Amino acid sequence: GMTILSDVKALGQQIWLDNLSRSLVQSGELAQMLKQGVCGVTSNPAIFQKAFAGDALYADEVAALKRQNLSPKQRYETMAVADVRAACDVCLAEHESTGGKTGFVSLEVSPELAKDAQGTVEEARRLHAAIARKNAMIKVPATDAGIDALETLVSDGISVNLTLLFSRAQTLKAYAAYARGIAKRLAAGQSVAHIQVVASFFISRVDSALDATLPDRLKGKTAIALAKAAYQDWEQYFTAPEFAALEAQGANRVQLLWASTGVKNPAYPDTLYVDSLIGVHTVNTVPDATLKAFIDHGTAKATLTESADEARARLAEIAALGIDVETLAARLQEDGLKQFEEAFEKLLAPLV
């Protein structure tokens, strides 16, 4: 039942909604969710493509914007920024109640900037200022350029959702860049206590890539094993003396956020990823149907740190089979960027 969301909060995990639309906010539904245990919202270009195509409340907005001399991208941005600002307003009470630790809404920069660090910084600063809310996060893909941008944006005091992570190594690079940005701010006497960063580590895509060619005992296990190992890496990085010296001065840890947690293979239970990845100081962003399924028949138990030994043994067998999870991660990130650009082009076409 619904109380499962508060049970998961007590285990230290926030559950965010992986969807946003004009009607979600305008109907009052989002406000009701933020009382029922939902703690934040994520978007991406595919979410906007589907919302713009299917939500009747965009029609009048598009018609109005087609009366102005605007590029398709600025029409999209005007719409998306308005939706994000409205959602931030709905989530503000939650955000303020926790000292700014919850209640975030994420907006992703243009996919075409993913390999351009300077361009990404420029767009992220601009979108942060355009939204003009303390609980907005700018979503930036974790390419090498995105990790460069992350350091700069953190040093600017901007909260960031670093996305399309599939690699433990790249995630650790992201933590190091975060810490460099934090250390810069502390050295300059600037505040850090309101800077929040999440590392959105993708789940279902790993299993979708591998399962058809894996042995029995490994089908449907790799993505969870990879996440469990990532969380162990997280514990080690953020408890180390280097980060502790920053946390003593007010720095917040990065938190892992499990994304792509809707189950895509009907051979697995629909709550598999949510049920299996619950642990302290994490986030899980779920599509509506997965949130529904978890409320109906999910289980709230601290599963993320269970059986870490088996996770390690499974990743060792993956390697034994010749699957290089770092090569896979790079491909999946590339593929995700291509897919987000495809969705973005699809949504811009009706805005011409």
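Sequential numbering from 1, following the sequence displayed.
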| item | value |
| --- | --- |
| Selected stretch [higher average CA B-factor]: 176 to 184 or 210 to 218 | 210 to 218 |
| Stretch with the greater mean C-alpha B-factor as recorded in the entry, comparing 96 to 104 against 195 to 203 | 96 to 104 |
| Which of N69, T42, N284, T290 ranks first by CA B-factor in the deposited coordinates | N69 |
| Record-listed C-alpha B factor of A130: chain third | middle |
| Within-chain third of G262 by Cα B-factor, per the entry | lowest |
| Third of the chain's Cα B-factor distribution that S110 belongs to, per the entry | middle |
| Record-listed C-alpha B factor of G119: chain third | middle |
| Position of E242 among the chain's modelled residues by C-alpha B-factor, lowest, middle or highest third | highest |
